[PDB]
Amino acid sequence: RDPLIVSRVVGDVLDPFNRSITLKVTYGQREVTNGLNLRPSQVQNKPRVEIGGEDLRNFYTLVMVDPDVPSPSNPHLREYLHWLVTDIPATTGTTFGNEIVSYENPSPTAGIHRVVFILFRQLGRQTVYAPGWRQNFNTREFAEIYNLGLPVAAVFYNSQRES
């Protein structure tokens, strides 16, 4: 009974997992904490992302998705892939990885959307293909294809139209 379960991030997006390494997502001066309400105008640019780790030789992949597109009550486009960064060296951040899908600012036009950052540990440096489009991305299926196992970290905020 914790925030990723209550919000159904673990459920809709992710399988059960044990958080193990640091994931810090910051937009300007605001740290993303689970369930924080952020305005579309605050998330216009990509946030700063720090990741943790133990073994320096490990690489990580970060996924940012929106499971509630176009709206939570009928999410037929889910998930919408907002950002994909691979080969992030242990204990660095997205600035140090390969950005294969650039950050697209989330701008919901119906209901409350969950915006989710998920971090996986790779088995090594690997080549990941980009999806041909951003909608109907599947994080679970993605993880299975690229041997990413279970997430090592995840965090999410809530976004909704200001108007």
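Counting begins at 1, following the sequence as shown.
Ranked by Cα temperature factor within the chain, residue 163 sits in the highest third according to the deposited record. Per-chain ranking of the deposited C-alpha B factor places residue 60 in the lowest third. Sorting the modelled residues of the chain by their CA temperature factor places residue 71 in the highest third. Among the modelled residues of the chain, residue 39 sits in the middle third by CA temperature factor in this PDB entry.
In the deposited entry, the Cα temperature factor of residue 22 sits in the bottom third of values across the chain's modelled residues.
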